[PDB]
Amino acid sequence: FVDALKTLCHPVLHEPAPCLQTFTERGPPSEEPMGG
Amino acid sequence: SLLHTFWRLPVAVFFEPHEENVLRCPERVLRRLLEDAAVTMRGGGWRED
Amino acid sequence: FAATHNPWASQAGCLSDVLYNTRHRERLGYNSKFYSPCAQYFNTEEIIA
Amino acid sequence: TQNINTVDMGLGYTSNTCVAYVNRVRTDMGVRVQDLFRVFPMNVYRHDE
């Protein structure tokens, strides 16, 4: 696994905002006071 | 249109060094304290004794 | 004849779809000169065409 | 200069190629994985250190 350090800890794998961006485009299916 | 971060150059604004950009006194108080630390060495150890 | 075998390389929004699709990789900062051996399996706009 | 023009004289495929003989391997056929920071030279971490 260690030679893949050049691939594993790259920041673009830890950026889900494009994944969330293309996940928003498909249709979404449908199927506070802590004291008191 | 997405907020990706990129490597910007390290910018920090400073003052370019000159021949007369003078450092001032330490508000006259540590000036006096350094004066006392100077004059207390007349009586004390001598490091060759 | 299952649905898929690997849901991190097959969805519309999987990890590789934002990583290896060169139409999607252009939105990120990337070097075009580096040949990627897997771009032929993901660049779906050519595959749709 | 000598401008030529060719026009095919067959209704179908009149010519057949085939992969005949392999001399050597240009690549290493190795496991040395490529580097993502080289192919993505712009993306950084949000924290600096």
# chains A, B, ... in the order shown; residues from 1 in each chain; ligands from 1
>>> residues_around(residues="residue 36 (chain C)", least_positions_apart="3", cutoff="10 Å", atoms="only C-alpha atoms", output="VMD selection string")
(chain C and resid 20 22 32 to 33 39 to 40) or (chain D and resid 34 39)
>>> interface_residues(of="chain A", to="chain B", cutoff="10 Å", atoms="only C-alpha atoms", output="list in words")
residues 11, 12, 15, 17, 18 and 21 of chain A
>>> write_last_selection(atoms="N, CA and C atoms", output="tab-separated table (two decimals), in the first residue's frame")
chain	number	residue	atom	x	y	z
A	11	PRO	N	-5.50	15.58	-1.87
A	11	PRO	CA	-6.72	16.25	-1.38
A	11	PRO	C	-7.95	16.04	-2.23
A	12	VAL	N	-7.81	15.73	-3.52
A	12	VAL	CA	-8.98	15.68	-4.39
A	12	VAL	C	-9.84	14.46	-4.12
A	15	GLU	N	-12.54	15.54	-1.32
A	15	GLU	CA	-13.35	16.70	-1.70
A	15	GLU	C	-14.62	16.19	-2.35
A	17	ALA	N	-17.48	17.70	-2.79
A	17	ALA	CA	-18.28	18.76	-3.38
A	17	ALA	C	-18.54	18.59	-4.88
A	18	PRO	N	-17.62	18.08	-5.72
A	18	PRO	CA	-18.06	17.72	-7.08
A	18	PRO	C	-18.98	16.51	-7.09
A	21	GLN	N	-22.15	17.79	-6.13
A	21	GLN	CA	-22.64	18.63	-7.21
A	21	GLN	C	-23.35	17.80	-8.27
>>> interface_residues(of="chain C", to="chain B", cutoff="9 Å", atoms="only C-alpha atoms", output="ChimeraX atom specification")
/C:27-29
>>> write_last_selection(atoms="N, CA and C atoms", output="short mmCIF file (atom, residue, chain, number, x, y, z; two decimals), in the first residue's frame")
data_model
loop_
_atom_site.label_atom_id
_atom_site.label_comp_id
_atom_site.auth_asym_id
_atom_site.auth_seq_id
_atom_site.Cartn_x
_atom_site.Cartn_y
_atom_site.Cartn_z
N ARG C 27 -12.57 20.75 -15.00
CA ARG C 27 -13.08 21.68 -14.00
C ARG C 27 -12.13 21.79 -12.82
N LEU C 28 -11.45 20.70 -12.49
CA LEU C 28 -10.37 20.75 -11.53
C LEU C 28 -9.09 21.21 -12.21
N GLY C 29 -8.10 21.58 -11.40
CA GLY C 29 -6.80 21.90 -11.94
C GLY C 29 -6.02 20.64 -12.24
#
>>> select_by_dssp(residues="chain A", states="helix (DSSP H, G or I)", output="PyMOL selection string")
chain A and resi 2-8+11-14+17-24
>>> interface_residues(of="chain A", to="chain C", cutoff="8 Å", atoms="only C-alpha atoms", output="MDAnalysis selection string")
chainID A and resid 12:13 18:20 22:23
>>> write_last_selection(atoms="N, CA, C and O atoms", output="compact mmCIF listing (two decimals), in the first residue's frame")
# COMPACT_ATOMS: atom_id res chain seq x y z
N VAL A 12 -7.81 15.73 -3.52
CA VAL A 12 -8.98 15.68 -4.39
C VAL A 12 -9.84 14.46 -4.12
O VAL A 12 -11.03 14.45 -4.48
N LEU A 13 -9.29 13.43 -3.48
CA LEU A 13 -10.13 12.33 -3.02
C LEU A 13 -10.95 12.72 -1.81
O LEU A 13 -12.02 12.15 -1.58
N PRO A 18 -17.62 18.08 -5.72
CA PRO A 18 -18.06 17.72 -7.08
C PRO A 18 -18.98 16.51 -7.09
O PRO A 18 -19.91 16.48 -7.92
N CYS A 19 -18.75 15.54 -6.21
CA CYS A 19 -19.65 14.39 -6.11
C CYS A 19 -21.03 14.82 -5.64
O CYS A 19 -22.04 14.37 -6.17
N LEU A 20 -21.08 15.71 -4.65
CA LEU A 20 -22.35 16.28 -4.22
C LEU A 20 -22.98 17.12 -5.32
O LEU A 20 -24.21 17.14 -5.46
N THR A 22 -22.74 16.70 -8.68
CA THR A 22 -23.40 15.82 -9.64
C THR A 22 -24.41 14.88 -8.98
O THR A 22 -25.14 14.18 -9.69
N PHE A 23 -24.46 14.83 -7.65
CA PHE A 23 -25.50 14.08 -6.97
C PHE A 23 -26.78 14.89 -6.83
O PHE A 23 -27.87 14.32 -6.79
>>> interface_residues(of="chain C", to="chain D", cutoff="7 Å", atoms="only C-alpha atoms", output="list in words")
residues 29, 30, 31 and 34 of chain C
>>> write_last_selection(atoms="C-alpha atoms", output="mmCIF file, in the first residue's frame")
data_model
loop_
_atom_site.group_PDB
_atom_site.id
_atom_site.type_symbol
_atom_site.label_atom_id
_atom_site.label_comp_id
_atom_site.auth_asym_id
_atom_site.auth_seq_id
_atom_site.Cartn_x
_atom_site.Cartn_y
_atom_site.Cartn_z
ATOM 1 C CA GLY C 29 -6.799 21.903 -11.938
ATOM 2 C CA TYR C 30 -5.053 19.152 -13.862
ATOM 3 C CA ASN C 31 -2.074 18.593 -16.129
ATOM 4 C CA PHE C 34 0.314 13.390 -18.158
#
>>> closest_atom_pairs(of="chain A", to="chain D", cutoff="7 Å", atoms="only C-alpha atoms", output="JSON lines")
{"residue": "A:3", "atom": "CA", "partner": "D:33", "partner_atom": "CA", "distance": 6.8}
{"residue": "A:4", "atom": "CA", "partner": "D:33", "partner_atom": "CA", "distance": 6.4}
{"residue": "A:6", "atom": "CA", "partner": "D:35", "partner_atom": "CA", "distance": 4.8}
{"residue": "A:7", "atom": "CA", "partner": "D:36", "partner_atom": "CA", "distance": 5.2}
{"residue": "A:10", "atom": "CA", "partner": "D:36", "partner_atom": "CA", "distance": 6.6}
{"residue": "A:11", "atom": "CA", "partner": "D:45", "partner_atom": "CA", "distance": 6.3}
>>> write_last_selection(atoms="N, CA and C atoms", output="PDB file, in the first residue's frame")
ATOM      1  N   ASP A   3       3.480   2.584  -1.512  1.00  0.00           N
ATOM      2  CA  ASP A   3       3.868   3.271  -2.738  1.00  0.00           C
ATOM      3  C   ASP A   3       2.714   4.077  -3.306  1.00  0.00           C
ATOM      4  N   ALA A   4       1.488   3.677  -3.004  1.00  0.00           N
ATOM      5  CA  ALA A   4       0.292   4.428  -3.334  1.00  0.00           C
ATOM      6  C   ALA A   4       0.072   5.638  -2.433  1.00  0.00           C
ATOM      7  N   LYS A   6       1.521   8.329  -3.003  1.00  0.00           N
ATOM      8  CA  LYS A   6       1.408   9.353  -4.031  1.00  0.00           C
ATOM      9  C   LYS A   6       0.000   9.475  -4.597  1.00  0.00           C
ATOM     10  N   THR A   7      -0.892   8.535  -4.292  1.00  0.00           N
ATOM     11  CA  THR A   7      -2.274   8.609  -4.726  1.00  0.00           C
ATOM     12  C   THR A   7      -3.271   8.722  -3.589  1.00  0.00           C
ATOM     13  N   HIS A  10      -3.899  12.406  -1.530  1.00  0.00           N
ATOM     14  CA  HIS A  10      -4.118  13.602  -2.321  1.00  0.00           C
ATOM     15  C   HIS A  10      -5.436  14.248  -1.911  1.00  0.00           C
ATOM     16  N   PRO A  11      -5.499  15.582  -1.866  1.00  0.00           N
ATOM     17  CA  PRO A  11      -6.719  16.250  -1.382  1.00  0.00           C
ATOM     18  C   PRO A  11      -7.953  16.037  -2.234  1.00  0.00           C
TER      19      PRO A  11
END
